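K.L.:
Generate a structure from the sequence data that follows.
(chains A and B)
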Amino acid sequence: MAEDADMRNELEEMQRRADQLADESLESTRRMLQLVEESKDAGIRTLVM
Amino acid sequence: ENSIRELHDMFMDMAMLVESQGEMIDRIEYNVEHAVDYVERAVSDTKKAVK
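P.N.:
Numbers count the residues shown, from 1 in each chain, chains lettered A, B, ... in the order given. Dropping the coordinates below:
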């Protein structure tokens, strides 16, 4: 023998959707963080008045 | 989020519903005790009108 082979190889990235399209769902989850609180804001002060 | 939009829009209804109703109480605000200002200040005289 007298054999030394030490080797390397390269990676295959699984198609993780591979587009920005993920953002739109992320935009919906923005808005549900965003547009919800003022309901309570005006709710508690509607209840004050 | 559309459920949110719907309840938030029914709530920008609601906050304004109770808002717009709210001032009618200020309309009463005169007629609740200035009305009393007529009633008691008058019957203090009706009871003195016999005299």
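K.L.:
So which bits of chain A are right by chain B?
P.N.:
Proximity of chain A to chain B (C-beta under 8 Å from any C-beta of the partner chain) is limited to residues A:28, A:31-32, A:35-36, A:38-39, A:42-43, A:46, A:49. Every residue, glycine included, has its C-beta placed from N, CA and C.
K.L.:
In terms of helices and strands, where is the closest residue to residue A:36 other than its chain neighbours?
P.N.:
Spatially, and ignoring its direct neighbours in sequence, residue A:36 is nearest to residue B:4 (5.8 Å; C-beta to C-beta, 6 or more residues apart in numbering or on different chains). Element membership for residue B:4 (DSSP states H and E) is helix B:2-31.
K.L.:
and if you look at residue A:32?
P.N.:
Residue A:32 belongs to helix A:22-34, assigned by DSSP H and E.
K.L.:
For that helix, list the C-alpha coordinates in CSV.
P.N.:
Output of helix A:22-34 as CSV, limited to C-alpha atoms (Å, rounded to 0.1, in the frame of the first residue of the first chain):
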residue,chain,number,x,y,z
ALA,A,22,-40.7,34.3,2.5
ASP,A,23,-41.0,38.0,3.3
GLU,A,24,-44.8,38.3,2.5
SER,A,25,-45.7,35.8,5.3
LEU,A,26,-43.1,37.7,7.3
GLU,A,27,-45.0,40.9,6.4
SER,A,28,-48.2,39.4,7.7
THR,A,29,-46.5,38.6,11.0
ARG,A,30,-45.1,42.1,11.1
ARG,A,31,-48.6,43.5,10.8
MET,A,32,-50.0,41.2,13.5
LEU,A,33,-47.3,42.5,15.8
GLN,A,34,-48.0,46.0,14.6
